[PDB]
Amino acid sequence: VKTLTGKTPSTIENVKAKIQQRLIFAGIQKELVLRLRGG
Amino acid sequence: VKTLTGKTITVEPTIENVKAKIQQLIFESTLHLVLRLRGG
Amino acid sequence: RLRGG
Amino acid sequence: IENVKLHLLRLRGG
Amino acid sequence: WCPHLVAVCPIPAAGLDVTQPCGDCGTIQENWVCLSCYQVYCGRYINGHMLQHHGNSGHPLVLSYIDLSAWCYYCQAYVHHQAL
Amino acid sequence: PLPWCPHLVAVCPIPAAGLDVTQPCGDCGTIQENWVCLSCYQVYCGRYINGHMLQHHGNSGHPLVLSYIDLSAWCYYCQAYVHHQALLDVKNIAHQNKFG
Amino acid sequence: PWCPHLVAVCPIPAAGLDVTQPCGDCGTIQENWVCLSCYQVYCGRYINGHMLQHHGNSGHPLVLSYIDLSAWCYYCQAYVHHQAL
Amino acid sequence: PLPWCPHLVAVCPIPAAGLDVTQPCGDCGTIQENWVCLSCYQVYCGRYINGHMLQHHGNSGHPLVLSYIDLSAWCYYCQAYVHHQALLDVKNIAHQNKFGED
Ligand SMILES: [Zn+2]
Ligand SMILES: [Zn+2]
Ligand SMILES: [Zn+2]
Ligand SMILES: [Zn+2]
Ligand SMILES: [Zn+2]
Ligand SMILES: [Zn+2]
Ligand SMILES: [Zn+2]
Ligand SMILES: [Zn+2]
Ligand SMILES: [Zn+2]
Ligand SMILES: [Zn+2]
Ligand SMILES: [Zn+2]
Ligand SMILES: [Zn+2]
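Heads up: the protein sequence lines correspond to chains H, G, F, E, D, B, C and A, in order.
When the letters of the first sequence are read in order and numbered with the authors' numbering, they come out as residues 5 to 12, 19 to 20, 22 to 30, 40 to 47, 61 to 64, 69 to 76.
When the letters of the second sequence are read in order and numbered with the authors' numbering, they come out as residues 5 to 14, 17 to 19, 22 to 30, 40 to 41, 43 to 45, 64 to 76.
The third sequence begins at 72 in the authors' numbering and counts up one residue at a time.
When the letters of the fourth sequence are read in order and numbered with the authors' numbering, they come out as residues 23 to 27, 67 to 69, 71 to 76.
The fifth sequence begins at 4 in the authors' numbering and counts up one residue at a time.
The sixth sequence begins at 1 in the authors' numbering and counts up one residue at a time.
The seventh sequence begins at 3 in the authors' numbering and counts up one residue at a time.
The eighth sequence begins at 1 in the authors' numbering and counts up one residue at a time.
This is how it looks when you write it as structure tokens:
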């Protein structure tokens, strides 16, 4: 998981809980924080 | 639907019914193509 | 023109 | 100055 | 990867300036750089000058000066998250 | 003249604004013999004028360019004019702007 | 019509392509393919797999069929397009 | 020297056979200053020798080439050396063939 500033096992918001109103997207997979609809 | 020889065939909208119109095999106004399952 | 671009 | 330390006559690559 | 990466041009000799304002409205909030012509314009949540640039040029790939992510206008998705 | 070349994949969609056959060269402003890049849609003169299109190819790597004089497509790598279904849209939209 | 390996493709040689070209290794004229990076002609997996062997040695991903003019990408393990000369 | 360039996408997987740091130029046979193309993996000499790689780039459009002398990567379009995560595998496999270590 990479922060908007550049800094760096099985449900949904549980991943965001560890890091919550601002979300991310990357692509389940055995492996990034954006600002949604780009451009 | 394009033949292995280069010819183009011209009736539809997951079956053998499509192959029946054209028979023993390769899988809108979109173009379908006849090949050989594993290339190279 | 025989050579394009 | 930086001669002791940009990086040694490498020039344009390729 | 996306089929529009072909449109991408080399980084200019001058490099990229993360603090560059919008070429049309001068704003410094949410700016993006075009990877084909390297012009800088604001996002859709600002005044949408890069959307307008895309409409005029057809240039598909833009890079955010906020999070360095690449958006492809045609694929309507972020392509990669590689950055300077 | 090729019926296909491996660089047709590099051709991008026509910009929303459309194509302008009378567009001058982006570098020297000339209106004689210009080409449009089919990947980034920038307009530059041909080899017989000031070669700004071939200079663009050198910098970008963009292979396919369309003549605004005769609506033909040249591939810089294949060093030949290419004629293919992929170029029908680009040639149509351009012909419509050149004639109607 | 797109895969991330089309970058490896080179221009068609000045001499052009010869659909009747035999496999460079075994000389067979049944089921041959042309490499779109180095333009060498080799047989497919069903015959003697000389093109698979070439891919292993070169890393060259895209090959074109001399039977049905289709384009296979070894990495994507799929037919990428069917545009043909 | 760039931390990223828009041409890194053109980099292909290292061939199953691997890389050979001692491979001569495919055109002139020289063993001094050779580069490997990171898209088609053909080996040709640098610009200061006979420039068969400058030629290969001209013909193919392939932007990224790796040095068999110092293991650096040059982008012909960006006209600069590029260093990035994308080039780690290529540089590793090449270093192992040149030395034995990663
Ligand atoms: Zn795209
Ligand atoms: Zn703006
Ligand atoms: Zn642009
Ligand atoms: Zn262009
Ligand atoms: Zn000009
Ligand atoms: Zn071509
Ligand atoms: Zn592929
Ligand atoms: Zn064989
Ligand atoms: Zn090959
Ligand atoms: Zn580059
Ligand atoms: Zn040489
Ligand atoms: Zn190459």
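Beta carbons: idealized from backbone N, C-alpha and C, even for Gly.
| Query | Result |
| --- | --- |
| Three-state secondary structure (DSSP) of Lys29 (chain H) | helix |
| Between the CA atoms of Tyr76 (chain B) and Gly29 (chain B) - distance to the nearest angstrom | 23 Å |
| Residues proximal to ligand 3 by C-beta, any heavy atom closer than 5 Å | D:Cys37, D:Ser39, D:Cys40, D:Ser60 and D:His62 |
| Chain-ordered chain D contacts of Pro13 (chain C) [CB-CB under 9 Å] | By Cβ distance, chain D contributes nothing, its closest Cβ being about 15 Å from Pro13 (chain C), past 9 Å. |
| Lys91 (chain A), DSSP secondary structure in three states | helix |
| 8 Å Cβ cutoff, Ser60 (chain A) in contact with chain B | yes |
| Residue from H:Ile61, H:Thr22 and H:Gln41 with nearest C-alpha to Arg72 (chain H) | H:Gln41 |
| Assigned secondary structure, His68 (chain G) (DSSP; H/G/I helix, E/B strand, else coil) | coil |
| Coil, strand or helix - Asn50 (chain A) by DSSP | coil |
| Closest residue to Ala10 (chain B) among D:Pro63, D:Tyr68, D:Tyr81 and D:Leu71 (Cα-Cα distance) | D:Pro63 |
| Beta carbon proximity, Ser39 (chain C) to chain A, threshold 8 Å | yes |
| Bridge partners - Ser67 (chain D), DSSP secondary structure assignment | D:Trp35 |
| Residue of D:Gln42, D:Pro24, D:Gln32 and D:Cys12 minimising C-alpha distance to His57 (chain D) | D:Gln42 |
| Bridge partner(s) assigned by DSSP for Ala10 (chain A) | BP columns for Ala10 (chain A) are empty, so no partner. |
| Minimum C-alpha distance to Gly100 (chain A) - residue among A:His7, A:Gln32 and A:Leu19 | A:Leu19 |
| Exposure label - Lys6 (chain G); buried when at least 16 CB within 10 Å | buried |
| Neighbour flag for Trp35 (chain B) against chain C, beta carbons, 8 Å | no |
| One or two residues paired with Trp74 (chain A) in a DSSP bridge | A:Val65 and A:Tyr81 |
| Inter-residue CB distance, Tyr44 (chain A) and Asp27 (chain A) (contact presumed, cutoff 8 Å) | 6 Å |
| Any non-hydrogen atom of ligand 6 closer than 7 Å to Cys45 (chain B) Cβ | no |
| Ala86 (chain A), buried or exposed, once every other Cβ within 10 Å from all chains shown has been counted against 16 | buried |
| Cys78 (chain D), buried or exposed, once every other Cβ within 10 Å from all chains shown has been counted against 16 | exposed |
| For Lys6 (chain G), three-class secondary structure by DSSP | strand |
| Through-space distance from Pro24 (chain C) to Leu67 (chain E), alpha-carbon basis | 54 Å |
| Around ligand 10, Cβ to any heavy atom closer than 5 Å, ordered along the chain | A:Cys5, A:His7, A:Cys75, A:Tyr77 and A:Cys78 |
| DSSP bridge partner residues for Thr12 (chain G) (one or two, in chain order) | G:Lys6 |
| Reference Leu2 (chain A); option with closest CA among D:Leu66, D:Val36 and D:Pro15 | D:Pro15 |
| Same chain, Cβ closer than 7 Å to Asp89 (chain A), five either side skipped, listed in chain order | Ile14 |
| Pair within 8 Å by beta-carbon distance, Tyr68 (chain A) and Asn92 (chain A) | no |
| Rounded C-alpha distance that separates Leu71 (chain A) from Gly51 (chain C) | 33 Å |
| Chain C contact for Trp4 (chain D) (CB, 8 Å cutoff) | yes |
| CA-to-CA distance, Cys12 (chain B) to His7 (chain D), given in whole angstroms | 7 Å |
| Residue nearest to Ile23 (chain G) in terms of C-alpha spacing, selected from G:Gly76, G:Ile44, G:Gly10 and G:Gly75 | G:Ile44 |
| Residue-level contact to chain B via CB, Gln85 (chain C), 8 Å cutoff | yes |
| CA-to-CA distance, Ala28 (chain H) to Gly61 (chain B), given in whole angstroms | 45 Å |
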